[PDB]
């Protein structure tokens, strides 16, 4: 009697490439590529477990552009430059970027503390601010190759900074190839999402927000987004086919977001399985074990992720010592294993790249001990998505209806409902009426709506500039 464990790491970045300049206005795709996007599947080179990944098509596009040397990244060019060439604006952005990340364990260099406490910074000190910002984002693989430069911690030279940059781009050039390798070797399944990570239930039917939050106020949806919803799925199938040579049969719905109508659309588009959140299941069915494989109207398979286990990794364990975290996690799986007489299916689903910067040493002690301990347990079998979908010694249930929602509280409040978020929607609506190209799809990305209506942060105006730029480009 086994416990079936399914990791599904979700990887996504909105499009940071401003369409009129062609400049990546924020370096987050670059930094999560050198840190997480190659390195998370690369664990499968050293650990005999199965791990699954979701890659949004918008993120693949950007990875492709950095790998080909075509991405113009404004923050990165400030890193690359000799400090005597830096503009005041670039020094300010570099300082600003440092203090935004200052308290994260991956930024714990004593030299950073010194530089931050300083007045003007000289050339040698600016070189250390440049290179320490680079090295802070170093992934598992290169933390070994560059071990001597990391321990240096100070007094970097331009030639060392450039050495680091070269190795970083070699990692990006390797990144799509390793997803294809782990997929081919049977070590994991790779899924994708609708192209630009939109909220499909809202695009299909904005009134679905009233299934959970009846008092919410939303704008006048005077145009249809239903065919755009199909295009996000269709175009995602094409990009996935280009990269992996098949149409995708698994998708991760952005924000775990599902509705009756979105489930039908995914079925119509050839998706045979997805996952969503335990809160959705609880809202939808009285009798709700998340350890079953569900079938929505016998049309499509649906797993409901284990919220607590997913939140332990994403919310709790950054604050723990790795050993104590791993023993806690294994203990919890053991109680699940002992809590049922059948073989449960346990889906651990979260973002694969955002929680590790808050762990000591980028979560590497945690994940290396987690994966090493998992591969030791005879009563745990980790599954690819393909295996979880076809596994026969698993218990099963049909579900006929779901209450539309997301994995944020089971509702849509974080993307629609207040004055500022609603304004983005009205802008989108008006613009959809005048749209002439696919940049309107870019503007339908969830991320724009998330950041709006709650600014208060360093760099959030960049997301607003991107959204409005895409909205403007869509009408030309």
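Residue numbers count along the first chain shown, from 1.
Quiz item: Should the higher mean CA B-factor in the entry be assigned to 294-302 or to 248-256?
Solution: In the deposited entry, the stretch with the higher C-alpha B-factor mean is 294-302.
Exercise. Averaging the C-alpha B factors as listed in the entry, name the stretch that ends up higher: 347-355 or 138-146.
Key: Averaged over C-alpha atoms, the B-factors run higher in 138-146.
Quiz prompt | Residue of maximum C-alpha B factor among 237, 307, 197, 391, per deposited coordinates | solution = The listed residue with the largest C-alpha B-factor is 391.
Practice problem: From the list 86, 367, 190, 202, select the residue with the highest C-alpha B factor recorded in the entry. | Solution: Largest recorded C-alpha B-factor: 86.
Quiz item: C-alpha B factor of residue 437, ranked within the chain: lowest, middle or highest third?
Solution: Ranked within chain, residue 437 CA B lands in the highest tercile.
Self-check item: Third of the chain, ranked by Cα B-factor, where residue 24 sits
Solution: Residue 24: CA B-factor falls in the middle third of its chain.
Quiz item: Of the three thirds of its chain by CA temperature factor, lowest, middle or highest, which one includes residue 373?
Solution: Highest third, going by the recorded CA B-factors of the chain.
Quiz item: Considering only modelled residues of the same chain, in which third does the CA B-factor of residue 456 rank: lowest, middle or highest?
Solution: Highest third.
Quiz prompt | For residue 363, the third of its chain into which the C-alpha B factor falls | solution = For residue 363, whose C-alpha B-factor we compare with every modelled residue in the chain, the answer is the lowest third.
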